[PDB]
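Notes for the one structure printed next.
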Amino acid sequence: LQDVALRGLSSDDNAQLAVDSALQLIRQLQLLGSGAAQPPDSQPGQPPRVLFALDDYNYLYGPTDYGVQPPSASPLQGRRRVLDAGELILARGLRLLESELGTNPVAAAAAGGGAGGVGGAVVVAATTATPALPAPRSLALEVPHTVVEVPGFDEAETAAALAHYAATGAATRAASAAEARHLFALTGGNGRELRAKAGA
Amino acid sequence: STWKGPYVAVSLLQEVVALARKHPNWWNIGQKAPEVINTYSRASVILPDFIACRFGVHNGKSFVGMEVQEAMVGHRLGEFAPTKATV
Amino acid sequence: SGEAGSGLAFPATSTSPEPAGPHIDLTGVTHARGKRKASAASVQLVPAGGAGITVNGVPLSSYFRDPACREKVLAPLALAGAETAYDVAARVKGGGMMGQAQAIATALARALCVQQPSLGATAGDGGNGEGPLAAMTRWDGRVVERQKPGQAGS
Amino acid sequence: XXXXXXXXXXXXXXXXXXXXXXXXXXXXXXXXXXXXXXXXXXXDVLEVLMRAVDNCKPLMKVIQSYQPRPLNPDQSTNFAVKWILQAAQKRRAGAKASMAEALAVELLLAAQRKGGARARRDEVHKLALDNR
Amino acid sequence: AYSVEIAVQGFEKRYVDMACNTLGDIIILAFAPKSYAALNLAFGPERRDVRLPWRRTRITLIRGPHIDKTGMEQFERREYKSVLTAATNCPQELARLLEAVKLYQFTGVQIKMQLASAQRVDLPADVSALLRXXXXXXXXXXXXXXXXXXXXXXXXXXXXXXXX
Amino acid sequence: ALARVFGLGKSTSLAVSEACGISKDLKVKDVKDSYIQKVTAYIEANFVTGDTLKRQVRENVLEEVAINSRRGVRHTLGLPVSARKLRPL
Amino acid sequence: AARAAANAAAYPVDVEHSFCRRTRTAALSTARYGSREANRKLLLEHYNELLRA
Amino acid sequence: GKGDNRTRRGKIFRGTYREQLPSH
RNA sequence: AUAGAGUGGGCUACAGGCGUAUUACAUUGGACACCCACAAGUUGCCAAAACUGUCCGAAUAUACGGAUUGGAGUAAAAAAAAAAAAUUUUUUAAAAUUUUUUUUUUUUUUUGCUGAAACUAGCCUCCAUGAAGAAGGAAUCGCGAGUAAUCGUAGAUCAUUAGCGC
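Protein chains in written order, with the entry's author numbering: chain x, 280 to 479; chain s, 4 to 31, 36 to 94; chain i, 284 to 437; chain g, 122 to 164, 176 to 197, 205 to 235, 241 to 276; chain j, 112 to 150, 163 to 255, 259 to 290; chain m, 18 to 99, 110 to 116; chain B, 818 to 870; chain u, 66 to 89.
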């Protein structure tokens, strides 16, 4: 597995090798989290748990920055056929929520899908409201899964975060109950502008 | 203007067919066509072939004689009939 | 109920007329109206811990999405010191962003006035009164002066 | 206590200064406040601004003829933030970094009783004392 | 089952006001129970007199005849509008209305009239058979109003169809 | 991100970089010379070096002034046909 | 890259199929022949042809 | 030209970003 | 003939000089996305500056600016029906599909535009060449609140031409 990782890292003029090594790691980690192949020389000892965390998920769904020349026109008249997220290989392989390979029938058989059979690669993605390239701000998902909204910074933890900013020197001073309620009503749960207003 | 009908030269063509009594372009490659051709309008385009033709173009005060050669084939004839603002 | 004429004509070079009142409705929910531009707005105030604050359907922090404009929304509410306990239901029309903010601020002020008489100005007693919020009841009905029927001429 | 908001808002409006969003200048001046924090604890911000502006108050104005005139202190604030900002554009166009750094370093130096704002400031103080 | 809408256009508010009042007199006369003895009246709460604002447009002019590009002046057209609402169930009084507005001439004032109404529809028996519910009232006729000697008492009259 | 070539304009610049594979957010201090050989080969697949084109347009408007045509005497005169400071001659 | 929602175009004619969601009603209008009754004939034929679906 | 030819801004100056409605 | 037509110019020429405007000389900015943000403006629906994200700061004349000049008028996306079906791509072990390959279909845009004719002398779109210009002396003008400036927007005459005019 470090075999394949060092196979990928070795060269920078045959890229197909590198990306294929990457997704080989992806499926092998999915297989290891499945518990399909236990080694014959290993102890009775539980395998390391596979967690995939994906910040800003829907960049795997918006159009990319890479484009191509279309085959029709001359290069002189070159409008850009911009390449899409499904047209990449690696991010298409990184579509874990739409992947079947966390819902492994091998892990549905050997772990049984039971509460004692925790044998699936637990995968979590979060995506933002500020895409740097035009991704949809919602995810129309065909594959069943559980969605959890992140609630905003409620009043108590805004007061606590302001106290922490009063600790770290970002602030000059403590906040009133009035100004804490004011900031809670102001940023609406936006963390980054709550950080921005901290001197005020 | 190539789209939907690219060429307009009707009165020039009437004079060209008047020239075309023995050869439009020296079919009898070119020999200067000594009979003068004197148009009365310069909005006309120039059609491929039409070489070695003595064209007399109007400037608003006279008729300007210019021999056509191979380069001026994709042009409109009014480009060769100026108002002479030299200085 | 006995309401009266509250309106003003404060501006210079162009007048104004917000003939709309603020009043409490029998649902326990007061309604009020406010414009400070020709762009205009209305409010509807429920004492509640429900959805909180709302203009134009959406939660406020994405619609208005400059922070300074957000405290221009909250400024009569922050001046009141009665922030949390009311559901804020409101509608707006027209204009540009912080004009909508200060308009919806005036409307929220009016609804808060009929909720509590002494904080802000009203027409309950002859169209006069004084609280901290009585200053921003009467709207600032200045509009743009008209683009001059005449010349640059320079 | 509200004079903090007054001086800051006059700083904002004078920082607007060409036609644009006062949102643009407002985020610019708040960036100057945070850059003042960063350079100040690098090598305590409303504090240093209030000290800088109270260091910069021209109490008696003079009118040329030379005649001194008493001045309502809100225009003292208003001239004050003005002289700060034209000195800021002097330094920043000489640096031609952003403006936020330039207004930050100028609010530090006018806090430290130093800089061309302080120079102009106390010469017109003494020249108000001259021509009585 | 007939619905009538009368729209009215004017320049002086005096004339469109008199026009609105006199046609209101005509409607209330036209469905008036003048005597009790027959007793299907339509003062249903559809009925209105909706007033309307206008189309704000300013059209300015040079004051001077020649050079005079300083010399501007603003000018302006006004159109004042009302709509008159009623509906009824028998046609003979509707014809009394249309002949009433045929007689009384009104000065400077346009009459545009909308007459959505029910009218029965023949079908070829094939589509009735292959039927075997929504509104679908879609005729919306259209007529010209100018260039043939008419100063615009035009009547437009969309139709509503019924074939269950 | 070759927004940086000089003998060509910008759209063809990002075209040639895309035609050998250089995306945005790459600097000239980050291209290995194999790709330089590739992009040069693609330059003689494209058209080359706008001074070669400036020689080319020199015989192009030489052709136009060889036609006894008034745009030819524009180009020997410097008059706008739509700053006689620059000319194509 | 901007266009009005109400195209309200011209240089053409049609039967103008449209629906009104406010009152749950479809709307078709007349435009081809000069007289109103000829248009009533055309749209009545269009209504019959509409029911062939 | 305020970026008249190639922008998402100067083409509202040249009246093209507003695509011309089909009329005659 | 100081009268009318007809055809084509000219009314727009170009050492100099002057008046009026616009656009910049950047970073408070350029670009690109965003939601395609909210208007004047529903009467008988539609923006931009900005806000949020990302790229850029070498006297580079910068990825600022956009004048002159050549050249060319070109791409597709959507999805339907049948036959078959479990194939394409690397290194020395892997990868993308369970949809690959055939026939019929089919929309919606696309077409340089408008005019009879766009060389002078229109306008549009896209390439390419990328000028001066790094804030302007003497001198001086205009204007103190929704004002200057900046930003669009829509109306006129108009076949189209207003980008800057009003």
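Ideal Cβ placement from N, Cα and C applies to all residues, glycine included.
Judged by DSSP in its simplified three-state form, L19/m adopts coil rather than helix or strand. Runs of alpha helix (DSSP H) with 4 or more residues, each lying fully within the segment 283-346 of chain x, are found at 294-313, listed in chain order.
Interface with chain u (7 Å Cβ-Cβ cutoff): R869/B is excluded. Taking a beta-carbon distance threshold of 7 Å, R71/u does not count as an interface residue toward chain B. The beta carbon of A819/B sits closer than 7 Å to some beta carbon of chain u. With the criterion set as a beta carbon lying under 9 Å from some beta carbon of chain s, the members of the segment 70-93 of chain m are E80, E81, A83, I84, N85, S86, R87, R88, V90, in sequence order. Looking at the backbone, the Cα of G381/x and that of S289/x are separated by about 29 Å. For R374/i, the enclosing beta strand (DSSP E) begins and ends at 369-376. Judged by DSSP secondary structure, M236/j falls within the beta strand (DSSP E) whose first and last residues are 233-237.
Here DSSP, grouped into helix, strand and coil, assigns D69/u to coil. The DSSP assignment places 369-372 as complete runs of the alpha helix (DSSP H) inside the segment 347-374 of chain x, in order along the chain (cut-off: 4 residues).
Residues of chain B whose Cβ lies closer than 8 Å to the Cβ of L246/j are, in chain order, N865, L868. For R79/u, the nearest beta carbon of chain B is not closer than 7 Å to its own beta carbon. Three or more beta-carbon pairs drawn from the segment 219-228 of chain j and the segment 131-138 of chain j are found closer than 8 Å, and the two stretches are therefore classed as touching. If you compare the alpha carbons of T409/x, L375/x, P323/x, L308/x with that of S345/i, the shortest gap goes to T409/x. The straight-line gap separating the alpha-carbon atoms of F331/x and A870/B is approximately 53 Å. In the three-state reduction of the DSSP assignment, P330/i falls in the strand class, which pools E and B. Looking at the backbone, the Cα of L251/g and that of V56/m are separated by about 52 Å.
Within chain g, no residue has its CB atom less than 7 Å from the CB of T466/x, the nearest being about 14 Å off. Put simply, of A368/i, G382/i, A404/i the residue whose alpha carbon is nearest the alpha carbon of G290/i is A404/i. One thing to note: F70/s has its Cβ no nearer than 7 Å to the Cβ of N28/s. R74/u does not reach chain B, its nearest Cβ partner there being about 12 Å away, counting only Cβ pairs nearer than 7 Å. Taking C-beta separations shorter than 7 Å and ignoring five residues to either side along the sequence, the partners of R170/j in its chain run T208, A209, following chain order. By the neighbour-count criterion, in which a residue is buried when 16 or more other Cβ atoms sit within 10 angstroms of its Cβ, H314/i is buried.
Close partners of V115/j in chain B (Cβ separation under 8 Å) are lacking, with about 17 Å as the shortest Cβ gap.
In the DSSP annotation of this structure, the continuous segment of the beta strand (DSSP E) that includes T183/j starts and ends at 181-185. Residue state for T93/m is assigned as coil, using DSSP reduced to three classes. Judged by DSSP secondary structure, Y10/s falls outside any beta strand (DSSP E); it is assigned neither H nor E. Taking all protein chains in view, the Cβ of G393/x is surrounded by fewer than 16 other Cβ atoms within 10 Å, so the residue is classified as exposed. For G396/x, same chain residues with a beta-carbon under 6 Å away, outside a window of 5 residues either side, are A390 in chain order.
A check of alpha carbon separations from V268/g across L253/g, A248/g, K189/g identifies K189/g as the nearest.
Close CB contacts of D42/m within its chain, under the 8 Å cut and outside five residues either way in sequence, are with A18 (chain order).
Spatial neighbours of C837/B in its own chain (CB-CB distance under 7 Å, excluding positions within 5 residues in sequence) are listed in chain order as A844. Around the beta carbon of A254/g, 16 or more other beta carbons lie within 10 angstroms, which makes this residue buried.
The C-beta distance from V326/i to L391/i rounds to 5 Å, short enough to meet the 8 Å contact threshold. Residue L395/i holds the alpha-carbon nearest to the alpha-carbon of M419/i among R429/i, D408/i, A435/i, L395/i.
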